[PDB]
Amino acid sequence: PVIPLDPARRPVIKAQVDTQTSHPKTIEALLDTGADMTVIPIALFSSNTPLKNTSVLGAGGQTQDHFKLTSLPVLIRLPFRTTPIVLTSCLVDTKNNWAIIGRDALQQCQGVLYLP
């Protein structure tokens, strides 16, 4: 669909995420064209699960430990397209539990920004 843009209202989507380490789960994710890589909560993963360390730059400054990287690809299912996004690797937010669809995912479902 066409998603209008409003400063008062985060553009969100219901995404079903399969981390491949426990059953798939629905999350509300922020559609974010300024994110290089998708971010998913640690709450999706299991207490076991190897995850790599990774340095991440945001508006809040630089961080060594808030975000980790996935060991295995993450499958994402959007409500419309029957065919999953498969991200080879993506970020895992261990501090807050943010959910951010980034351009890695948006490219794979051929998302565009349209400015009239």
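In this text, rigid core is short for the largest set of C-alphas that superpose within 1.5 Å between two forms. Numbers for residues come from their place in the sequence shown, where the first is 1.
Core-aligned, which moves more in 7 other deposited structures of this protein: 56 to 64 or 22 to 30, by CA RMS?
Result of the core-fitted comparison in 7 other deposited structures of this protein: 56 to 64 deviates more.
Comparing 80 to 88 with 31 to 39, which stretch shows the greater average C-alpha B-factor in the deposited entry?
On average, C-alpha B-factors are higher across 80 to 88.
Quick one: which of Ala59, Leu51, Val56, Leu72 has the biggest Cα B-factor according to the entry?
Going by the entry's C-alpha B-factors, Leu51 comes out highest.
Pull the Cα B-factor of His23 out of the PDB entry and bin it into the chain's lowest, middle or highest third.
Tercile = highest for this residue's CA B-factor.
Going by the recorded CA B-factors, say which third of the chain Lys14 sits in, lowest, middle or highest.
Its C-alpha B-factor belongs to the middle third of this chain's values.
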